[PDB]
Amino acid sequence: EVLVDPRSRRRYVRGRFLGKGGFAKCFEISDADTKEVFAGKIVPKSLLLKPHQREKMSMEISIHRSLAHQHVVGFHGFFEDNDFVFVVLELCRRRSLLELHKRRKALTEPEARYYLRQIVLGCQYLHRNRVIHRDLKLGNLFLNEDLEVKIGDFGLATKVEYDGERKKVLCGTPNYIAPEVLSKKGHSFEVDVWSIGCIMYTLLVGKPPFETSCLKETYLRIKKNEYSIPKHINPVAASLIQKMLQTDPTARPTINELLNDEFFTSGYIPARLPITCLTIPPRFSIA
Ligand SMILES: Cc1ncc(CCCN(C)C)cc1Nc1ncc2c(n1)-c1ccc(Cl)cc1NC(=S)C2
Ligand SMILES: [Zn+2]
């Protein structure tokens, strides 16, 4: 019920349940002194009996704590007792792109541009810091009160240690999983750009690129590149999706190139979005 840090002498009440991912149960929490409000991932040690498991949890924190950016969920601290691990993160009051997508389905182009821009800004930061998220999806992309985007859940993230490194395995299963991970051909940064492609598609279209009833049939399509963009999607968008969803990872654009695509440069990107837009499609009228 209460959660105490020895080293910082800070105590947090446990509030409402938000969700679960991996071994973590995540709750809204508040500091007993400042009444300031946080997001609290609570991982049971009962599930970290094995070294391999313990190291991932330990890597997650190492990576997350190394991060400070406008579009990355703010890291605030960690502590433990004998039974549980406790990680304290920024609370994103307006949930995630995933909830938005289930309420609104396909968004308008300029909403997509807005979110997409922020996502690519968060990811540019990661990549310049030699970090690959490896699991970017709508459920990961969080929204603060101003509907600003915060990348979260670093539990599949890896740090690149040397130039031209090719990671050989990925422990766990990403949602928008790159074809080169599936083919166990080795992988690096292009997996995040891959995911963004799927996310762009999903925001513009109202459903994921490669969906089927069998995950393993989905995996099949991802290998064969079997997906179509409907004809009502704009061809400047279509070009981008197509660019980002390429089997050959050397062909896909880097994160730093993406904001200089016609799709951002010759299209309208809102400075901000109103709350209304959580539920009602913004027409963007001139007055
Ligand atoms: C306040 C709030 N309410 C509802 C949701 C939606 C949770 C389920 N959705 C992602 C499928 C999100 C938030 N905001 C919110 N804000 C910060 C976090 C979280 N959620 C959160 C929550 C659940 C999980 Cl499993 C991971 C997780 N990750 C991070 S880095 C901290
Ligand atoms: Zn493993």
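Since chain A takes its numbers from Swiss-Prot, the residues it shows come out as 42-328.
The backbone N, Cα and C atoms fix where each Cβ goes, and this holds for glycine too.
Here Swiss-Prot flags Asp176 as active site, proton acceptor, drawing on experimental evidence. The feature ATP binding site is assigned by Swiss-Prot to 59-67, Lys82, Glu131, 178-181, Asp194. The annotation phosphoserine is assigned in Swiss-Prot to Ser103, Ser137, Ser269. According to Swiss-Prot, the feature phosphothreonine maps to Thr214, an assignment based on a large-scale study or a structure entry.
If you draw a 10 Å sphere around the CB of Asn181 (ATP binding site), it holds 26 other CB atoms from the protein chains shown. A gap of 16 Å separates the Cα atoms of the residue listed as 'active site, proton acceptor' and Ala65 (ATP binding site).
Over all protein chains present, the Cβ of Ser269 (phosphoserine) has 8 other Cβ atoms lying within 10 Å. In sequence order, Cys67, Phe68, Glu69, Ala80 are the residues of the chain that are 6 or more apart from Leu59 (ATP binding site) and have a CB within less than 8 Å of its CB. For the residue listed as 'phosphothreonine', the nearest neighbour among the binding-site residues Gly63, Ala65, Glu131, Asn181, judged by Cα separation, is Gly63. If you take the CA of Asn181 (ATP binding site) and look 10 A around it, the modified residues you hit from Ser103, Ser137, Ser269 are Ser137. In this structure, the C-alpha atom of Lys61 (ATP binding site) lies 14 angstrom from that of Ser137 (phosphoserine).
Here the candidates are the modified residues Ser103, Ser137, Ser269. The one whose C-alpha lies nearest to that of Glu131 (ATP binding site) is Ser137. Closest to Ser137 (phosphoserine) by Cα-Cα distance, out of the recorded positions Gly63, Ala65, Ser103, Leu179, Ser269, is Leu179. A straight line from the CA of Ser103 (phosphoserine) to the CA of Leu179 (ATP binding site) spans 24 Å. In this structure, the recorded positions that sit close to ligand 1, with a C-beta under 6 angstroms from any of its atoms, are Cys67, chosen from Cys67, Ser103, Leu179.
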